[PDB]
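Peer 1:
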Amino acid sequence: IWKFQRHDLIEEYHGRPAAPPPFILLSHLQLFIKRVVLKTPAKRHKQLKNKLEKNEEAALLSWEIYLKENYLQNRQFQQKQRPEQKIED
Amino acid sequence: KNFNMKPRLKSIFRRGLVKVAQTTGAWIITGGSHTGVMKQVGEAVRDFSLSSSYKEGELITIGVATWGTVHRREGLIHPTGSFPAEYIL
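Which chain is which? The protein sequence lines are A and B, in order.
Its first residue numbered 1062, the first sequence is counted upward by one per residue in the UniProt record's numbering.
Its first residue numbered 178, the second sequence is counted upward by one per residue in the UniProt record's numbering.
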């Protein structure tokens, strides 16, 4: 619960300027007077997402598929274990 | 070029290949061509090699073929040595 409300809070509280309140006039002159010329503020959104290229996309996706096969065979190994399969065997 | 595929034979071949090649210092000897199970041995090679702790090449797969049976021989001949050895598939 701790980690969940931490991430929920940080998801929208992380997009706050690094300028301190004593040095907030610079950010004000940079953005608050810039607001009026646009209907909607189109500032770059502060997130941790990254743009993925095609080659890295494929190179990753094949790797998750291979480790998914590794997980699936292991999964079968555990589905052998519980005594239910033993009793119906 | 005279071959056919079915699922569980492919699974058996691939599983045997990685289990025999990943352990010890096994050397797998096979021809040179990308056709059928002959291509599938190599595709299993990279299926294992894409996710590897030591990375790079953990397998030594030797290909044997006849110079007469080579499509793009033009460019594979050098007097002493240049070694880009480009061979587009």
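Each residue gets a CB set at the ideal place from its N, CA and C atoms; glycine is no exception.
Any idea which residues DSSP pairs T238 of chain B with across the strands?
Peer 2: Beta-bridge pairing links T238 of chain B to B:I205.
Peer 1: Using 8 Å for Cβ pairs, my map puts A1079 of chain A next to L1087 of chain A. What's the rounded Cβ distance?
Peer 2: Between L1087 of chain A and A1079 of chain A the Cβ distance is about 11 Å, and since that is not below 8 Å, they are no contact.
Peer 1: Can you round the beta-carbon distance between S229 of chain B and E235 of chain B to whole angstroms, since I take them to be within the 8 Å contact cut?
Peer 2: About 5 Å; that satisfies the 8 Å criterion.
Peer 1: Do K1147 of chain A and the ligand PLP come close, with the Cβ less than 7 Å from some heavy atom?
Peer 2: The model on display carries no ligand, and the ligand PLP is accordingly not part of it.
Peer 1: Check for me: the alpha helix (DSSP H) holding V195 of chain B runs from which residue to which?
Peer 2: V195 of chain B -> alpha helix (DSSP H) spans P184 to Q199.
Peer 1: Helix, strand or coil for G219 of chain B? Go by DSSP, reduced to three states.
Peer 2: Looking at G219 of chain B - three-state DSSP - the assignment turns out to be helix.
Peer 1: Is any beta-carbon of chain B found at less than 8 Å from that of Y1127 of chain A?
Peer 2: So, interface residue.
Peer 1: Starting from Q1140 of chain A and walking both ways along the alpha helix (DSSP H), at which residues does that stretch end?
Peer 2: Per DSSP, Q1140 of chain A belongs to the alpha helix (DSSP H) from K1115 to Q1142.
Peer 1: Taking only beta carbons into account, state which residues of the segment 217 to 246 of chain B come closer than 7 Å to chain A, listed in chain order.
Peer 2: Within the segment 217 to 246 of chain B, the residues whose Cβ lies closer than 7 Å to some Cβ of chain A are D224, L227 and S228, listed in chain order.
Peer 1: Kindly say whether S1123 of chain A, judged by its beta-carbon, lies nearer than 8 Å to any beta-carbon of chain B.
Peer 2: Chain B contact via Cβ: present.
Peer 1: What's the call for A242 of chain B, buried or exposed, on a 16-neighbour Cβ count within 10 Å?
Peer 2: Classification for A242 of chain B: exposed.
Peer 1: Can you tell me whether DSSP reads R1077 of chain A as helix, strand or coil?
Peer 2: Correct three-state label for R1077 of chain A: coil.
Peer 1: Using the beta-carbon count (16 or more within 10 Å), is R191 of chain B buried or exposed?
Peer 2: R191 of chain B comes out buried.
Peer 1: I need the DSSP call for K1112 of chain A, collapsed to helix, strand or coil.
Peer 2: Looking at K1112 of chain A - three-state DSSP - the assignment turns out to be coil, as it is neither helix nor strand.
Peer 1: Could you check how far apart the C-beta atoms of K1107 of chain A and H1075 of chain A are, in whole angstroms? I think they sit under 8 Å.
Peer 2: The Cβ separation is near 6 Å, so the contact holds.
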